[PDB]
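Chain by chain, the residues run as shown.
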Amino acid sequence: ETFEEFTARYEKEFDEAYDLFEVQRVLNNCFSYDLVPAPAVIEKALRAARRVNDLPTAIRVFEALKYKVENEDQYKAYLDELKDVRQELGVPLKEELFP
Amino acid sequence: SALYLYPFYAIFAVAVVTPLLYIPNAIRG
Amino acid sequence: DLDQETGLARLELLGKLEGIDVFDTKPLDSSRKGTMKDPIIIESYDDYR
Amino acid sequence: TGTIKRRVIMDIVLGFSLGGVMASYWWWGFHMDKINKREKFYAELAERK
Amino acid sequence: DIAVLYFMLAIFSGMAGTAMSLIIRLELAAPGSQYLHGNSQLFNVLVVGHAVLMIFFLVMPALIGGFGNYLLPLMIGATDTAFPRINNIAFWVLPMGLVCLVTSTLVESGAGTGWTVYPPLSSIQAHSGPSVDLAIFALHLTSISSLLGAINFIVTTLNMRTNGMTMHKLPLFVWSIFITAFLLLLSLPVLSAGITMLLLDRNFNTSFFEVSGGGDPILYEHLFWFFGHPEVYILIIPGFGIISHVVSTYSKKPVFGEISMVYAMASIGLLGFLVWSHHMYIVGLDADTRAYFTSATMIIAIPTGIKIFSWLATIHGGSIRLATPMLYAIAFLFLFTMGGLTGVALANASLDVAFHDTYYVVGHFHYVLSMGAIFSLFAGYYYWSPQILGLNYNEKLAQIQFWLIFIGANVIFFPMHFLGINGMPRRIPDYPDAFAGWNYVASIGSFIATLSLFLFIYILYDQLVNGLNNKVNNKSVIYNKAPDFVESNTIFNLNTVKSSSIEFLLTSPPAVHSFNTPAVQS
Amino acid sequence: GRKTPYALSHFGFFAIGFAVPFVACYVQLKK
Amino acid sequence: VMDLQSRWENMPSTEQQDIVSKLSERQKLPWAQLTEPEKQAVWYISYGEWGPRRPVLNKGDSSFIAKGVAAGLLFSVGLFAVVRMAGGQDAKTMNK
Ligand code: HEA
Ligand code: HEA
Ligand SMILES: [Cu+2]
């Protein structure tokens, strides 16, 4: 219900990924609540994206937080911490990609 | 059985034919 | 009222005294995972239920 | 809480405010036009017999 | 089953009723132009054919019973409606009443005296053109057929409850039309008795609603009120169910307040019988009585307000997908809030004394009943039609039909709130000279709306030709795009063919015998 | 039919359903 | 070997390929040696716009909607003008 028990409970439910649509469904519903996601939740999200053998959902989580990030300042802060996380990940921005 | 259903079908047939014969008298007097 | 056609009233009386109901009245929620590794089991007198 | 709580509070409170100012200028304008025109006409008909 | 012919007769009678709209408003354009018979010869006959044919033949069967006999058993999970013999009875009773009503129009003179035929001298003096007996028999058979379908819907959602649904989390259309038929029971046979009373008075000359013998018309006035007020609640409450489902599935399947919603619908079903009152407030009843009446119409105005605040919370915070039924639901909500506002306006004590039988009440009730009921029936057809009919409905023409209906019906029934307070009389064939303004633009709007009905006919003919690049999936996928299913289940039924996104899983078109296995709720 | 299973029966059916108030009004104006 | 070959590098240009499923089978997993002109391909193929995520109204259609509404309204008002304007009140002077 609060911030921290949310983070703990759905990271525990989130390391039960094992699959494509399972990790994508738990990403959907754990993203669609009434709180911004914790950075630890998105680190487990990128690690589960490495586990489930799929790259474009690791792009999709970033445009999802680009919508939900509610300002530009938290967006640049997430760009910083998620930037050196990308350097240890290998995932591109859409703005770096131009489809 | 149906041996009474046949004349019942007949009297129903005239009972739904003849009011349609009645309605031109209803519109024309 | 026995030996009449369509013995659906048999298994109401039969299932009334022995337990096994007539026309699969019972619900189900086996508190499961919904996962493809162990889905909910499907029993039928058919291949599709 | 968060953004949807801020938006329901700001949204419903500004909806109160906008409906209030629309109907308040409406009632002020037209009801005071009524008090001017009708009370002046009744003043003519009464004070001038 | 019964539903396809049940809808075809509704469309037939609807084009007949819009033709009556066309003729009536084409006469109402300018003073004494199109028709010489500015009297109850042919003109009050036309307005009664219009009103009783369209309310009884269109909104009543399609909104309660068409979606009933096709979509109550399919949403609750039933195989067929619980008495499968008397849906067939009631619906084939109906077009015999269509023949009876057009026979009431056809005969020599025409005793058509409005749809709310008040006795005192609608008696044997009018029965040289004896039409009004045929009109009250057409209303009597439509009365008992809706009664029969009401019993059938009640018993079907009582005994054939599939082992999913308890009585605590029911769907809104199912519980909606259960409340509708449970409300129809308590008001239909009173007016059936009033039909046989006043028919005995005008046939076998006992005359107790007439003048002689001290007969009093106010008993009939109470009676037809006590029927016709819950009649309009029958006219709107399955509409509220349909609007709940479309507001659900085109924005956000978590909707606001289910148990609150069904409590509010039971509150409307409770408080909606005992106020027959405002419709003739004016007649000279007692002051404490009419004040109690005015106080209780405010409390019938409360729970509908609670429901529309709930759907206002629902469309908030959801992924809207502006298809044609979502436009119907949002136009429904905007116009029905204003119609209930004017309901509170008319609902006061000392304002019906200035508003009775004028065009202000006419604009009000056309506003609530036309906008609400016909926008809901629009939403229902353009919503459930590719499921039943199997064909996709050419979304761009549905959009232009919606906009054309919206602007046409708005420019018809907005000028009546100006024409009414100045003191127009109701059912006037020839209005005074100072009222020629707004009736002209009302006539313009009537031609707009009947053009949109003809556009609907071209769309209904375009239901033949299987467009694939026009409309495929309501509630487009969230973040998936490789997985493929119907993307939403807020309860975990997922049994065989029934789920929480209810009855979108049958097939297109559904089979002649579905539901082999009983479904279960989580 | 060979030309009209439902190709013109929709148009013609709705033409009848729109034209029956016209013929009722016609025979009532003729009285 | 093991990387794609610019067979069709503009994936948002066509999904007119018959067997797109071979191109989906073609995909791999070494993670950031993916040759970004066909790392566009996995995002577009898995997340583009056809079937699901197809907009309700196409770009051409919205103008057709407004055009059809205005044309139907004009046909209604013009039909009203050319059906009847005849035989009203006595004269404007009489009103005066
Ligand atoms: C289905 C149609 C329908 C519906 C739902 C209603 C609903 C209501 N009607 Fe109406 N009415 C008719 C159709 C309908 N009516 C017809 C056909 C007639 C008579 C014509 C005749 O038969 O010839 C009639 C007649 C009629 C009269 C008779 C006056 C006269 O004859 O001149 C009055 C007066 O009280 C009235 C009032 C109301 C009220 C208070 C409601 C209420 O139920 C509405 C309440 C809804 C809300 C209030 C809206 C939601 C709330 C808000 C937007 C927010 C909060 C605001 C408030 C609660 C204050 N109606
Ligand atoms: C069913 C409800 C209903 C509807 C929809 C309408 C619609 C219209 N009505 Fe009428 N009307 C009444 C019910 C309705 N009316 C009642 C009860 C009276 C009072 C009678 C009296 O007291 O004598 C009345 C009275 C009335 C009067 C007389 C006023 C009086 O003195 O009180 C006039 C005047 O011209 C008029 C005109 C119109 C017009 C132009 C429309 C236009 O909106 C028509 C255009 C609308 C359509 C295009 C809808 C098409 C619908 C279908 C075919 C089926 C549904 C949906 C589809 C699947 C398409 N109406
Ligand atoms: Cu009422």
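Residues numbered from 1 in each chain as written, not as in the entry; some residues may be left out. Chains lettered and ligands numbered in written order. Part of a larger assembly, values for the part shown. Heavy atoms only, no water. Residues with missing side-chain atoms left out of burial classes, pairs and counts.

- Going by the header, the method for this PDB entry is cryo-EM, and the resolution given is 3.23 Å.

- In the nomenclature of the PDB entry, chain D is known as Cytochrome c oxidase polypeptide VIIA of Saccharomyces cerevisiae.
- For this structure, the PDB entry title reads "Saccharomyces cerevisiae respiratory supercomplex III2IV".

- Chain A appears in the PDB entry as BJ4_G0024040.mRNA.1.CDS.1 from Saccharomyces cerevisiae.

1. Let's talk about the overall build of chain D
Right, on to step 1. Counting its regular elements, chain D contains one helix and zero strands.
Right, on to step 2. Each of the three principal axes of chain D carries a C-alpha extent, and together these read 70 × 10 × 5 Å.
Right, on to step 3. Per-residue burial for chain D yields a buried fraction of 0% across its 49 residues.
Right, on to step 4. Counting only carbon and sulfur atoms, one obtains 68% of the accessible surface of chain D, whose full area is about 4,900 Å².
Right, on to step 5. Of note, chain D has its 9 positive side-chain charges centred 7 Å away from the centre of its 5 negative side-chain charges. (Helix = DSSP H or I, 4+ residues; strand = E, 2+ residues; numbered from the N terminus. Buried < 20%, exposed > 50% of the residue type's maximum accessible area, 1.4 Å probe, protein only. Areas by Shrake-Rupley, 256 points an atom, 1.4 Å probe, with all protein chains shown as cover. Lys, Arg positive; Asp, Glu negative; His and termini not counted. Charge placed at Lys NZ, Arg CZ, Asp CG, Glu CD.)

2. Describing the overall build of chain A
Right, on to step 1. In terms of regular secondary structure, chain A is built from five helices and zero strands.
Right, on to step 2. Listed by position from the N terminus, the elements making up chain A come as α-α-α-α-α.
Right, on to step 3. C-alpha extents for chain A along the principal axes are approximately 35 × 30 × 20 Å.
Right, on to step 4. Here chain A holds 99 residues, and 46% of them are scored as buried.
Right, on to step 5. In chain A, once contacts between residues fewer than 6 apart in sequence are set aside, the share between residues at least 24 apart is 69%.
Right, on to step 6. Distance from the positive charge centre (14 side chains) to the negative charge centre (22 side chains) of chain A: 4 Å. (Contact = heavy atoms within 4.5 Å.)

3. Side note on the arrangement of the chains
Right, on to step 1. Comparison of the nine pairs of chains in contact shows the highest number of contacts for chains E and G.
Right, on to step 2. Separated throughout, chain B and chain F approach each other most closely at a C-alpha pair spaced 9 Å apart.
Right, on to step 3. No part of chain D reaches chain G; the closest C-alpha pair between them is 25 Å apart.

4. Quick look at the site of ligand 2
Residue and element names in this part refer to chain E.
Right, on to step 1. Ligand 2 sits among 30 residues. The nearest are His-50, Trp-115, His-366, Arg-426 and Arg-427.
Right, on to step 2. A distance of 3.1 Å separates a nitrogen atom of ligand 2 from a polar atom in the side chain of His-50.
Right, on to step 3. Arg-426 is positioned such that a nitrogen or oxygen atom in its side chain is 2.6 Å from an oxygen atom of ligand 2.
Right, on to step 4. Those elements that place two or more of their residues in the shell around ligand 2 are α1 (2–28), α2 (43–76), α12 (359–388), α13 (395–413) and α15 (438–461).
Right, on to step 5. No other element matches the nine residues that α12 contributes to the shell around ligand 2.
Right, on to step 6. Here the shell around ligand 2 is composed, by residue class, of 20 nonpolar, seven polar and three charged. (Near = heavy atom within 4 Å. Polar contact = N/O pair within 3.5 Å; in protein donor to acceptor, adjacent residues only side chain to side chain. Nonpolar A, V, L, I, M, F, W, Y, C, P; charged D, E, K, R; others polar.)

5. As for the nonpolar core
Right, on to step 1. With 136 residues, the main nonpolar core has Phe375(E), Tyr382(E), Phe456(E) and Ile457(E) as its most contacted residues.
Right, on to step 2. For this core, the element with the most residues is α2(E), which contributes 19 residues.
Right, on to step 3. Once you skip the residues sitting within four places of it in the chain, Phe456(E) turns out to touch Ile11(E), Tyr381(E), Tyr382(E) and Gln401(E).
Right, on to step 4. Core analysis: the next-biggest nonpolar cluster, separate from the first, contains 37 residues, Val26(A), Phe31(A), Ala49(A) and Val91(A) among them. (Core = buried A, V, L, I, M, F, W, Y, C linked by side-chain atoms within 4.5 Å.)

6. Focus: the site of ligand 1
Residue and element names in this part refer to chain E.
Right, on to step 1. Around ligand 1, a shell composed of 26 residues is seen, among which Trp-115, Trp-225, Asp-352, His-364 and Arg-426 lie nearest.
Right, on to step 2. Note that an oxygen atom of ligand 1 is positioned 3.2 Å from one of the backbone N or O atoms of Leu-346.
Right, on to step 3. Here an oxygen atom of ligand 1 sits 3.2 Å away from a polar atom, N or O, in the main chain of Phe-355.
Right, on to step 4. Secondary-structure elements contributing two or more residues to the shell around ligand 1 are α7 (218–251), α9 (287–315), α10 (324–346), α11 (352–355) and α12.

7. Topic: unusual backbone geometry
Right, on to step 1. The amide bond that connects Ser508(E) to the next residue, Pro509(E), takes the cis arrangement and shows omega of -5°.
Right, on to step 2. For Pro509(E), the position within the fold is in the segment after α15.
Right, on to step 3. Although it is not a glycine, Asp24(C) sits at a positive phi angle of roughly 35°.
Right, on to step 4. Relative to the helices and strands, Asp24(C) resides in the segment after α1 (10–18).
Right, on to step 5. On the basis of relative accessible area, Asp24(C) is assigned to the exposed category, the value being 51%.
Right, on to step 6. A positive phi is found at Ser207(E), a non-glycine position, where the angle reads about 60°.

8. Considering the coordination of the iron atom of ligand 2
Residue and element names in this part refer to chain E.
Right, on to step 1. Within the protein, the atoms that donate to the iron atom of ligand 2 are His-50 (NE2) and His-366 (NE2), at distances of 2.7 to 2.8 Å.
Right, on to step 2. The coordination sphere of the iron atom of ligand 2 comprises six donor atoms, whose angles at the metal cover 73 to 175°; the geometry is irregular. Taken together, the residues span a long stretch of sequence, with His-50 in helix α2 and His-366 in helix α12 at a distance of 316 residues. (Donors = N, O, S within 2.8 Å, 3.2 Å for Na, K, Ca; no water. Tetrahedral: all angles 85-135°; square planar, octahedral: opposite > 155°, others 65-115°.)

9. Focus on the interface of chain E and chain G
Interfaces are often sized by the amount of accessible area the parts lose when they come together.
Right, on to step 1. Listed per partner, the contact involves 32 residues of chain E and 30 residues of chain G.
Right, on to step 2. Here chain E packs against chain G, burying approximately 2,500 Å² in sum over the two surfaces, 70% of which is carbon and sulfur.
Right, on to step 3. Together, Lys396(E), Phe447(E) and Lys481(E) form the three largest contributors to the area buried by chain E at its contact with chain G, with a combined 25%.
Right, on to step 4. At the junction of chain E with chain G, the criterion picks out zero salt bridges.
Right, on to step 5. The tally of links from chain E across to chain G stands at three residue pairs in polar contact. (Buried area = accessible area lost by both parts, 1.4 Å probe. Salt bridge = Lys/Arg side-chain N within 4 Å of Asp/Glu carboxyl O.)

10. Some remarks on a nonpolar patch on the surface
Right, on to step 1. A surface patch of nonpolar side chains, amounting to about 570 Å² of accessible area, comprises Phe8(B), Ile11(B), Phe12(B), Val14(B), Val16(B) and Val17(B).
Right, on to step 2. By the secondary structure assignment, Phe8(B) is in helix α1 (residues 5–28). (Patch = residues over 30% accessible without salt bridge, like charges linked within 9 Å, V, L, I, M, F, W, Y side chains within 5 Å.)

11. Points about the environment of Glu27(E)
All names here are of chain E.
Right, on to step 1. Summarising the element assignment, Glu-27 is placed in helix α1.
Right, on to step 2. Sequence-wise, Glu-27 and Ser-443 are 416 residues apart; in three dimensions their C-alpha atoms are separated by 8.9 Å.
Right, on to step 3. With residues up to four places along the chain from it excluded, the contact list for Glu-27 reads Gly-32, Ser-33, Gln-34, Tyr-35, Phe-43 and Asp-430.
Right, on to step 4. One polar contact links the side chain of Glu-27 to the main-chain amide nitrogen of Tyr-35, over a distance of 2.6 Å.

12. Description of α9(E)
Right, on to step 1. Under the 1.5 Å per step criterion, the end-to-end length of α9(E) is 43 Å for 29 residues, consistent within 8% with the ideal 42 Å.
Right, on to step 2. Backbone geometry just downstream of α9(E) places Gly317(E) in the positive-phi region, at approximately 70°. (Expected span 1.5 Å × (residues − 1).)

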